[PDB]
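>>> no sequence on this one, just coordinates:
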């Protein structure tokens, strides 16, 4: 039961960018990235304004009476344990992203500084990175993750993003001009969003290899590294099961090694001192950073935001469908309040520690003179931070392998989700159609890395913002659909009608 | 049934300042404005400290159990629709004030800067203006608006500010040393508060005319512009009814034209980018600006505050009686929570957009070189912002007419309120006594504009702070009376006594 | 019934530091203060991170359902009146501390400035002092004060800090590797914490005398001033009762005189203008100061924090046992919510006014040129602020006497608490064992002032951070024990079970309606098909 109504237009746009970028109209793709700077100028306020709205909206709901509502049958107990649920939360907290920017981002802000602040500022350097990897991102994943976890568990609808727009569009009739389109953009936004992490994984590994087999052009090398792990996703999907479960555990171990290694070896105390700093400062500059637009100070932030804030915002939106589908399944029959409150606190905890370790020591070195700053190369900075520590050559390989495993897990999980959306929300997607999207995502992966050539990272970040632009309004509209569904929920109505009886009972007696 | 006990002392003080200012002791009036700088030094902390207290106090009540209480009969449904109620909220959001400072204020802060911050700072420039036209002002209007809407709807007392002090002063016995005095100051504070907006409307129009009939002295011109609309308030009160209803609708349209025109024509994107900025930054610098006193940094803010923060604070207080009487009638039998939460959110929404458009583009031009800064003239800056845009000469006239309509609506509405306070809270005041206060307010209007002459704006802002000083403590005390009334409501009071 | 199990190890460590500091290994004591800078480097984040946690934790509990719980018998009415309870709250708000730093602290921040800010900044100068004497300190006193006031009133256990760890350690079995140790550290942390205030009282008075009998070496003078009030604590404990009650009232009067005097005489308006400033600014820089560590800006704050933030934090922790025992008795059968909400608001109100008056005028003078800055001497700055005002020579003596009374009240109250912990939580401690700890505390008092010599203040602040380090984790663990006790309360456990049954009953009733509408629906489909 393959819904080709979504598959066709999806692959059409997917393969389009692939061919229109990999070759022929190569320089034309980089022209679209230039005309893309227009969306940052126009819909710039959109990503920023609503970007914070997601945080307030998801907190208001969690705090309101809707929080008591169970995600499924009335008064249903969660399947997985409380601790087990939190453990699966860390699995989502770790990704190729933290491996990439985790060490560079906090450093680039300490060296260059952020719009409206002095340079060499530890406090602001952390508050910014925190502002990009904590509440805001997960506030978007919670909205989507809740929109699904409610419509498919509580109401009992199909596992399609369109099924969440039932209240708005039309009950069951949401399969015309919209609905299908929502499911179409859902896949397109996901394939590009995942292609980003996969692409970042390539440059990350490539720069890691340029720190082992020194040296080689490395143009073909990129195509190699990609297909290497791209081919080993099949033997971890079809012929072999339990791939996501096993590899995820291995990832947590390797990620724990790097985190601990840098922690004990590097400036331990300094890292620990950053825990209260990054956290406290984050709460201080929150609204100041939330009000940061291309008008402060004097339209100077425009360039900065477009390559940082605006980027992440779009990158999370394009990734919301995947993370949403994930958090939904993990939170079976779990209170809305504990679901939201658990999605914003647990993951945000990992991002805090991770950045305080890598992005922390990287700053400590910048202070002591041993600048890890690899002449700009963001990918070479993670390994540079390792080689600067006793046993760096070793951990450098471990971190490199961890990337290869992430590339597989990320692509695997993202594929099982995309395949589901292509099968009318079938929970048990075929390991064949799943692998199909696997190469389809990696295809767009290299296409973005080759079109940019030397500026692969520049073009990669750009294309991401493109596919996310349309899906942005989807999440904004998904915000209303989630409000109407709740306002028409059994427990909710039963509450307002029971409260109206209590406010009328002691009224007549008076 | 005219309560002359309040009328006499009111007109006595009103006409006093009129004559003692319009002529004879002219230079003596400007001497009182100098000795007025003493109230900014002494009671300076009062306006600032409590100024924020109003915000916390009105939010705590709205959040507390008192919020569930209906403004009238137990479990009574509001008269007007939810959307209709919000629409009437915008009618109060729009005024002569936004037309005046809406374009200049955000600019003067971007050019000169605020105490304790660098200049040419967009973020701080917005946070400040927001700090003056959002929560704080309406937190004062909500307290008064609720004090009335409760005492006259719930309890069922007369529509007099003194009737709200029943819990404190004395039940029904609040008509001696106090009560009447509270009603006296209520009118005096209102007539001066309204005279400010009317005065600002004059200078605004006058500067608009100096951009059409260029040129003429303009001394008599001011007296003309005023009496022109001052005489057409009668034909919109007595001989003609539905004045407030019709004109209010026309005001919203014209105000929508200016707002949209500048929005689409000017830097659209920039304006939109200021929505998250002004809002976000406002929440960031809130407590920092709330703690801003004449001691930071190093008693340097004293001069700045006295001509900005301290000013608005007094200007809102002197206007609280009017806005309070208004919001009360509009919110018939409406939950206290939705009343407060609706008074702080709806109007504050307009002020955000309005300042992000006019005060926004004005900054965008300041950045691009086309400084609209009309050599200091605040009134000439609004029109300068228009003439800088395609079709400015047209909108300049539209905005000018909109001011004339505001001058009438503001004076009309303010009069119907003052007349009510002079008739033992009679909801249906006479269209004759109403028009009486009409000229009485405009009288003080010109008196403040002529006494200053060239510094008409300087003297106008000053006299305002004077009449508000006494009423300040009234609102502070009105804060306690609103707490006792609520703590002694219906089911709540009886429940405590039954537990005693 | 003296619990020597705690007394012995306590006096052993107490007398140890006394002898090992007063003489012989004198320079060795100052060596421990150098190796002490290591705890500020290592556990530095601990004091800062959790330091704010205490604030959030104590606010969450007060806001939660636990707040409705009464501190004693179910639905028990408080003994003292609401106003009387607030009055006894001010008695705790006033101390030797405010007399010492109240005038200097806000000044040193206006002159030198704080890490990450410009100098001569009034706003930041107040926010910092506020950050040290408001929520944070009392958030620690509330946690301890509640841990006791609940375990001894509600549950009905002995008045020992160890009795509060019953949930964690073991029910009644908390008297082995732990428990006793918790009671041991409780006294040690208290004796050192009190010794600080007593020591500060000495230097304060000594500098006051150097402003009257000008002049004299003053080395022996310190030993005199101390023993003078140290000997008059006995005649105010044994031979005379009602000492704490009477003197406390006298302290409030004298403290009111100084506060008002400086208020009316000095820059009145300026002080009043600081009320909104200090308060407002405090809320603004709260999280910014809460995130202040030895990494901002660029590990430069390390030195500053170690001599300010880190100090107070440890000083409050080492004093938590005493203040906790106090607030507990004062809040008999009083709602947890009104207890916490009353401990964080009332005292924080005094600290705001006190600093806005003394620390306020001191800045006003610094602005007008008449710098009260007594060439660094912190003790000579309070009197300098007085002598600068009409009738300073008079108030200088009054403030000096007020210090002597505080020295007695502080030592007296601290002793009655330490003695209680040495008698299995006996509420009625002996006036003999109480006086015993009196000299025991003053002993460590002079020991810290003589070991430093010229840098008496430097060494005094250091030794304090030492004894508090271990007790820090005790308060962190006491945070968990307070959560388990509450989660297992009668009124509480009834509230949850009730909230469940009420949700199951409604659950059942709803299911029956869905089958009702479904049965009734398909029924009308047969009436229309067969009409």
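Okay, I see it. Numbers count the residues shown, from 1 in each chain, chains lettered A, B, ... in the order given.
>>> give me the distance from the strand or helix carrying residue A:101 to the chain's centre.
Assessed by DSSP states H and E, residue A:101 sits inside helix A:96-111. Between the centre of helix A:96-111 and the centre of its chain there are 15 Å (C-alpha atoms, centre = their mean, to the nearest Å).
>>> with stretch A:389-409 instead?
Offset of stretch A:389-409 from its chain centre (C-alpha atoms, centre = their mean): 21 Å.
>>> from chain B, how far off is the residue in the stretch 151-300 of chain A that chain C sits nearest to?
Of all residues in the stretch 151-300 of chain A, residue A:280 sits closest to chain C, at 2.2 Å by C-beta to the nearest C-beta. Every residue, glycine included, has its C-beta placed from N, CA and C. According to C-beta to the nearest C-beta, to the nearest Å, residue A:280 and chain B sit 15 Å apart.
>>> what's the local residue count around that residue?
Around residue A:280 there are 24 other residues, counting by other C-beta atoms under 10 Å in any protein chain shown.
>>> returning to that earlier point: the helix holding residue A:101 - contacts with which helices or strands?
Secondary-structure packing of helix A:96-111 (3 or more C-beta pairs under 8 Å, 6 or more residues apart in numbering or on different chains; DSSP states H and E): helix A:122-133, helix A:180-209, helix A:336-368, helix A:379-387, helix A:392-421.
>>> can you say which of these is packed in most?
When the helices and strands packed on helix A:96-111 are scored by mean count of other C-beta atoms under 10 Å in any protein chain shown, the highest mean neighbour count falls to helix A:122-133 (a mean of 27).
>>> right, is the next helix or strand after that one up against chain B?
Going down the chain from helix A:122-133, the next helix or strand is helix A:135-151, by DSSP H and E. No: under the criterion of C-beta under 8 Å from any C-beta of the partner chain, chain B is not reached by helix A:135-151; the shortest gap measures 12.5 Å.
>>> which SS class is the residue in the stretch 101-250 of chain A that chain B sits nearest to?
Distances between the stretch 101-250 of chain A and chain B by C-beta to the nearest C-beta are smallest at residue A:116, namely 7.1 Å. Secondary structure assignment for residue A:116 (DSSP: H, G, I helix; E, B strand; the rest coil): coil.
>>> nearest spatial neighbour of it, skipping sequence neighbours?
Computed as C-beta to C-beta, 6 or more residues apart in numbering or on different chains, the closest residue to residue A:116 that is not its neighbour in sequence is residue A:297, at 5.2 Å.
>>> closest to the centroid, which residue in chain A?
residue A:316 (4.3 Å; C-alpha atoms, centre = their mean).
>>> now name the helix or strand holding that residue.
Going by DSSP H and E, residue A:316 is part of helix A:309-317.
>>> that helix and chain B in contact?
No: shown here: helix A:309-317 not in contact with chain B (C-beta under 8 Å from any C-beta), separated by at least 11.0 Å.
>>> how much space between whichever residue of the stretch 351-500 of chain A sits closest to chain C and residue A:359?
Nearest residue of the stretch 351-500 of chain A to chain C: residue A:367, at 5.7 Å (C-beta to the nearest C-beta). Going from residue A:367 to residue A:359 by C-beta to C-beta, to the nearest Å gives 13 Å.
>>> and for residue A:48?
According to C-beta to C-beta, residue A:48 and residue A:359 sit 23 Å apart.
>>> right, I'll leave it there.
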